[PDB]
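Enquirer: here is my input; please provide its structure:
(5 chains)
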Amino acid sequence: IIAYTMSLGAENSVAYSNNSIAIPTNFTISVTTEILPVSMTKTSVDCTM
Amino acid sequence: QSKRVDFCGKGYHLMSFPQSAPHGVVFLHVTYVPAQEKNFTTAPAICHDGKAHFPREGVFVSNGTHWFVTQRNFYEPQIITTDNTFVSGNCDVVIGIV
Amino acid sequence: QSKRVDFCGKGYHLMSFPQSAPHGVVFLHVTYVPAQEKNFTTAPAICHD
Amino acid sequence: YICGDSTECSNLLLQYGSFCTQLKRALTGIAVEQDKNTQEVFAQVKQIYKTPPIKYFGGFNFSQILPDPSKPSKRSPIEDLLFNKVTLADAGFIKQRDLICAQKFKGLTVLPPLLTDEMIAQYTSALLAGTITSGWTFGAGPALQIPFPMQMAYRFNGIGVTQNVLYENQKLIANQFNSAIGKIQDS
Amino acid sequence: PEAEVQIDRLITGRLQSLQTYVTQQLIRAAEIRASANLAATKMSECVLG
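Expert: Residues are numbered from 1 along each chain as shown, chains lettered A, B, ... in the order given. Below you will find the coordinate block:
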């Protein structure tokens, strides 16, 4: 078991200049999942029991 | 189709498909992700004969020798015509005009 | 005017009018509902020359 | 908190049993939920973006929102102003007349957050560098560089205003933006 | 036999106090969760687009 300072993310420097633009020539159709709760289990409690 | 960013998945939203789940719902967010980009030399406007030309729907890019109009999210170069561009003002007021 | 589907009523949203209510607000969502459709034969593109 | 911890009072909390564990579970869930809240708000990017070393963006001055490297906190002047206007009362540290944090001796401790102030500042810096150097493109795929006047001309089309309105008044719009950012610190 | 009922009174006081504190912390944590979901939604829709 090791302990470490967490890597916050990858490092990327965007090549900015005042007359350069980046335009994609291809694409990727991506499908992702989103699991999201709707209901929960309905409970009934007897008092005297 | 939602224009809200990252509301319906990461990327440019196209469709979503619900699926039934125990005590919940699962969405399959179909998104459009750009890929394989290239660097292009750009300009805000084109100066033809004193008039300043701006893109109607796209962007002025250059491959180093010739300038083209392409749509913003996909590289598709077209010849700069008056059908692709519109005229506003003159060439003396736009910073970076070529 | 909202492009969000069913956020401002069922249909293509045009206008909404607030109304005061006891402990609440009532919105009168004016939406554009299409009607009387007709079947047509369609094509993705037209080839001329 | 219940018993004086120098006593057999703790031998009667076993008569109630599952109650203290229920609080410890609930407060643990609250703490993990707060860390999840910070993670959902600030970790919107998977890559830490940086501004170019030449901070010229067509006349738009971002020096009051970009991080200041001359200070050890690595925060913007606005962020350095915001942390000074909040009289913070946490005790998320090991260091031990008495202050309000003498309530630790009654069993009430404060856990430190998972993300420190520097990591939240670096997430904010990455978000700012992305939205300056790439527009909205970095949030829906790879970061695509664009000149910032061209970015603002794209953003004028999103509100129904043509591109030539910006380019014929670029110095005016840059001056209005630089004046409006400078009034944020005064406000 | 008398210190037991006196401390049982005190211990039930501290039980009620702790349960009250955790109930208010859960309610405020729900409020902060709603505010943080709104903040993340505003980050994604205002900053990323």
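
Enquirer: from now on I want contacts and neighbour counts done on CA atoms only, so please keep to that.
Expert: Will do.

Enquirer: check whether the longest strand along chain B contacts chain D.
Expert: Assignment by DSSP state E gives strand B:24-43 as the longest strand of chain B. Yes: using CA under 8 Å from any CA of the partner chain, strand B:24-43 comes into contact with chain D via B:33, B:34, B:35, B:37.

Enquirer: can I get the residues you listed in a markdown table including neighbour count and distance to residue E:24?
Expert: Shown next, in a markdown table, are these (neighbours: other CA atoms under 10 Å in any protein chain shown; distance: CA to CA, whole Å):
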| residue | neighbour count | distance to residue E:24 |
| --- | --- | --- |
| B:33 | 21 | 44 |
| B:34 | 23 | 47 |
| B:35 | 17 | 49 |
| B:37 | 19 | 52 |
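
Enquirer: in those, find the pair that's most separated.
Expert: Largest separation among the residues of strand B:24-43 next to chain D by CA to CA: B:33 and B:37, giving 11.4 Å.

Enquirer: okay, and the closest residue to residue D:92 other than its chain neighbours sits in which element?
Expert: If the residues on either side of it in the chain are set aside, residue D:92 comes closest to residue D:112, at 4.2 Å by CA to CA, 6 or more residues apart in numbering or on different chains. Using DSSP states H and E, residue D:112 sits in no helix or strand.

Enquirer: what's around residue D:112, how many residues?
Expert: 14 (other CA atoms under 10 Å in any protein chain shown).

Enquirer: cool, and residue B:36?
Expert: 12.

Enquirer: I figured residue D:153 hits residue D:169, correct?
Expert: No: taking contacts as CA atoms under 8 Å, residue D:153 lies outside contact range of residue D:169: 11.2 Å.

Enquirer: with neighbour numbers in mind, choose between these two.
Expert: residue D:153 (20 against 14).

Enquirer: can I get the residues of strand B:24-43 next to chain D in TSV including distance to residue B:68?
Expert: Below are these laid out as TSV (distance: CA to CA, whole Å):
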residue	distance to residue B:68
B:33	24
B:34	20
B:35	20
B:37	16
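
Enquirer: all strands of chain B, in order?
Expert: Counting by DSSP E, the strands of chain B are B:12-21, B:24-43, B:46-47, B:51-55, B:59-62, B:67-70, B:85-90.

Enquirer: one more: chain A?
Expert: Ranges of strands in chain A, per DSSP E, are A:10-13, A:20-37.

Enquirer: secondary structure element holding the residue positioned nearest the centre of chain D?
Expert: Nearest residue to the geometric centre of chain D (CA atoms, centre = their mean): residue D:120, 4.6 Å. Using DSSP H and E, residue D:120 maps to helix D:117-133.

Enquirer: nearest residue to the middle of chain B?
Expert: Chain B, centroid-nearest residue using CA atoms, centre = their mean: residue B:72 at 1.3 Å.

Enquirer: for that one, which residues are in contact?
Expert: Applying CA atoms under 8 Å, 6 or more residues apart in numbering or on different chains, we find residue B:72 in contact with A:23, B:57, B:58, B:59.

Enquirer: swap in residue A:36?
Expert: Contacts of residue A:36 by CA under 8 Å, 6+ apart are B:24, B:25, B:26.

Enquirer: are any of the residues you listed buried, and which?
Expert: residue B:26 (16 or more other CA atoms under 10 Å in any protein chain shown).

Enquirer: circling back to that earlier point, go through the strands of chain A and name the closest to residue D:50.
Expert: Per CA to CA, nearest to residue D:50 of the strands of chain A: strand A:10-13, 5.2 Å.

Enquirer: quick check: the residue in chain B that chain E sits nearest to vs chain D, distance?
Expert: Per CA to the nearest CA, residue B:5 is where chain B lies closest to chain E, at 5.2 Å. Going from residue B:5 to chain D by CA to the nearest CA, to the nearest Å gives 8 Å.

Enquirer: what's around the closest residue to that residue other than its chain neighbours, how many residues?
Expert: Closest residue in space to residue B:5, ignoring its immediate chain neighbours: residue E:45 at 5.2 Å, by CA to CA, 6+ apart. Burial measure for residue E:45: 17 neighbouring residues, criterion other CA under 10 Å.

Enquirer: equivalent analysis for residue D:28, please.
Expert: Neighbours of residue D:28 using other CA under 10 Å come to 12.

Enquirer: same check on the one 5 residues further on?
Expert: Other residues lying near residue D:33 total 16 when counted by other CA under 10 Å.

Enquirer: how far does stretch D:10-30 stretch from start to finish?
Expert: 26 Å (CA to CA, to the nearest Å).

Enquirer: an error on my part: the question was meant for stretch D:163-178.
Expert: 20 Å.

Enquirer: tell me which element the closest residue to residue D:122 other than its chain neighbours falls in.
Expert: Spatial nearest neighbour of residue D:122, excluding adjacent residues (CA to CA, 6+ apart): residue D:48 at 7.5 Å. Assigned by DSSP H and E, residue D:48 falls within strand D:47-50.

Enquirer: what does that strand contact?
Expert: Contacts for strand D:47-50 (CA under 8 Å, 6+ apart): A:8-14, D:122-123, D:125-127, D:129-130.

Enquirer: tell me which parts of chain B are close to chain D?
Expert: Where chain B comes near chain D, counting by CA under 8 Å from any CA, the residues are B:5-6, B:10-12, B:33-35, B:37, B:44, B:54, B:88, B:93-95.

Enquirer: and the furthest pair within these?
Expert: B:10 and B:93 (39.1 Å).

Enquirer: more neighbours, the two?
Expert: residue B:10 (19 against 14).

Enquirer: tell me the contacts of the closest residue to the more buried one other than its chain neighbours?
Expert: Spatial nearest neighbour of residue B:10, excluding adjacent residues (CA to CA, 6+ apart): residue D:140 at 5.8 Å. Residue D:140 sits next to B:5, B:6, B:10, B:11, B:12, B:33 when contact means CA under 8 Å, 6+ apart.

Enquirer: return the member of these nearest to residue B:82.
Expert: The nearest member of the contacts of residue D:140 to residue B:82, counting by CA to CA, is residue B:12 at 30.1 Å.

Enquirer: any idea how far residue D:140 is from the closest one?
Expert: From residue B:12 to residue D:140 the distance is 6 Å (CA to CA).

Enquirer: overlap in contacts, those two.
Expert: B:5, B:33.

Enquirer: residues contacting the residue lying closest to residue A:37 once chain neighbours are set aside?
Expert: Computed as CA to CA, 6+ apart, the closest residue to residue A:37 that is not its neighbour in sequence is residue B:24, at 4.1 Å. With contact taken as CA under 8 Å, 6+ apart, residue B:24 is in contact with A:35, A:36, A:37, A:38, A:39.

Enquirer: and if we set it to 6 Å?
Expert: A:36, A:37, A:38 (CA atoms under 6 Å, 6 or more residues apart in numbering or on different chains).
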